[PDB]
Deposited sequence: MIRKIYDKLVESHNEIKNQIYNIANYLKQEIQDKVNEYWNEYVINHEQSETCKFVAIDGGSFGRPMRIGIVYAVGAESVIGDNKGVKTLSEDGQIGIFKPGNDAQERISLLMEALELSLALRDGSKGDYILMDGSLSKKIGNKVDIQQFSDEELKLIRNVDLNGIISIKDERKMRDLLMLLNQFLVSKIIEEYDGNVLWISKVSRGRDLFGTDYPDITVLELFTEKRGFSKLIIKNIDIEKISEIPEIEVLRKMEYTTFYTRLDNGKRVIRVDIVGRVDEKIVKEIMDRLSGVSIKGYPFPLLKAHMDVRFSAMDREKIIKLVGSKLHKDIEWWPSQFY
């Protein structure tokens, strides 16, 4: 780093005060209007799914690894149910990082169908909007390619020649997989995120979730927001509900999306139940799922070493 930069900082006061003042005069009032304290709490099984992935640009191509885990938790305990993950190589390309992540999302969502029915609720890591992905051109696709979607053939989608088509087929797969989850599990799926760009509530330069963390402290929940978006088409008139909750005094606020109509009572029931498997304001089942699938710097080191050995072993003219 440049020594000059850091000395100089020890300039930015202009932006700090601006943002502070703007925020104070924009919505110190409306926050408390739109927040509901819920301080009292009150046996219920959660299956949590999260995923991890990475890809490193190399000469043989983009060497990647994806993994997802389902985790069952209650009062009595947490244990892993399933693990699902592949290591592999993609050919060089502009959407390689995005294909890797979509492939990861694929495994998560498919574990939601595998083990979802083993609990009362399913906790996914990430928002409904983000898991669904953007709109996809359904016209570059032949009859055969649409089937891969229907039959949930990952090995097949991966085997595609073209790059744009692979990213796009994987996007479709995820939309079809969300759709199955929604129809099988109705309001029992909770899509939870620590981060969000939503402004439905306050309509400011900053996101709502940040607004609530600045101007409320106590355990609670926000005004409910009602949002909209083959079988995929049955997801076009899905209306869902968003709220923001803090499960524990002084801790982070999270976003929850639940497909269906939901009321105060349901929200308080969902908070009370989540609080029983939560640590420091967040559901342990998820934190665990997340921690297990993460690829440490060390994990990455191991993987590359392995792959580079199988190169140097199989191929003789390789440097």
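Unmodelled regions (deposited sequence positions with no C-alpha coordinates, counted from 1) are 11 to 14, 47 to 50, 238 to 245, 336 to 339.
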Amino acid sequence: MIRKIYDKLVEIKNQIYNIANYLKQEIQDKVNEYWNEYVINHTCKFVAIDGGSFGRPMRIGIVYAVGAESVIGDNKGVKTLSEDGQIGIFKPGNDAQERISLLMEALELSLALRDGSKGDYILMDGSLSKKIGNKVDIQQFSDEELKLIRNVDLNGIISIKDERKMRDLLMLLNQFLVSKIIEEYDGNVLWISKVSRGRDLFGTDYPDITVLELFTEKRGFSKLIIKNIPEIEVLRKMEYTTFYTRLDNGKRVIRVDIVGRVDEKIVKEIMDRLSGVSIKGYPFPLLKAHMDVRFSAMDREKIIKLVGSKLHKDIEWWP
From here on, numbers count along this sequence of modelled residues.
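Between 199 to 207 and 99 to 107, the higher mean Cα B-factor belongs to 199 to 207.
Higher mean CA B-factor, judged across 121 to 129 and 172 to 180 from the recorded values: 172 to 180. Per the PDB record, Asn94 has a higher Cα B-factor than any other of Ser82, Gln86, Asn94, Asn188. Set against one another, the Cα B-factors of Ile225, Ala112, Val78, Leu148 in the record reach their highest point at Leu148. For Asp292, the recorded CA temperature factor ranks within the lowest third of the chain's modelled residues.
In the PDB entry, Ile27 places in the highest third of its chain by CA B-factor. Annotation for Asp248: C-alpha temperature factor in the lowest third relative to the rest of the modelled chain, per the entry.
In the PDB entry, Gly220 places in the lowest third of its chain by CA B-factor.
Per the deposited record, the Cα B-factor of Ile192 falls in the lowest third when ranked against the other modelled residues of its chain.
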